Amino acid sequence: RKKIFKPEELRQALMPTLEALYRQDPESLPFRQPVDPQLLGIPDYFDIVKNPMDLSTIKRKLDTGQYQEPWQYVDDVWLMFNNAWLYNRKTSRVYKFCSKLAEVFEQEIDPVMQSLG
């Protein structure tokens, strides 16, 4: 008797919340693709961040039906935020950017989630 979610249904409901993150310019730019530690010259990245996540990966998961239920989408969006908050200094542009995406997500996700209950 747990609620069931069809992937097309989940995509219709959640994709505008992902679009809200992506549209944030410039704050979304560092998050639109996986961190590349070799490019950035930060070989300790994957030692610190065990489970990388980014907006393109979440999008591909939505597009291909990999979330059974909406809380799994929330988990990935927060994995991305937490990884950035963990790795980067609080004063850093990227950390502040991350916080902006979180503030946006907070506004967008609450009414969407209630509509899925």
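Whichever C-alpha set is largest while still superposing within 1.5 Å between the two forms counts as the rigid core. Position 1 is the first residue in the sequence shown; the rest follow in order.
Superposition on the core shows that, in 7 other deposited structures of this protein, the C-alpha atoms drift more in one of 95-103 and 6-14; this is 6-14. For the pair 52-60 and 39-47, greater average C-alpha departure from the shown form in 7 other deposited structures of this protein after core alignment is found in 39-47. In this entry, the higher average B-factor at the C-alpha atoms falls on 84-92, of the pair 84-92 and 52-60. The PDB entry records a higher mean C-alpha B factor for 5-13 than for its counterpart among 93-101 and 5-13.
Annotation for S28: CA B-factor lies in the lowest third of the chain's modelled residues. Sorting the modelled residues of the chain by their CA temperature factor places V77 in the lowest third.
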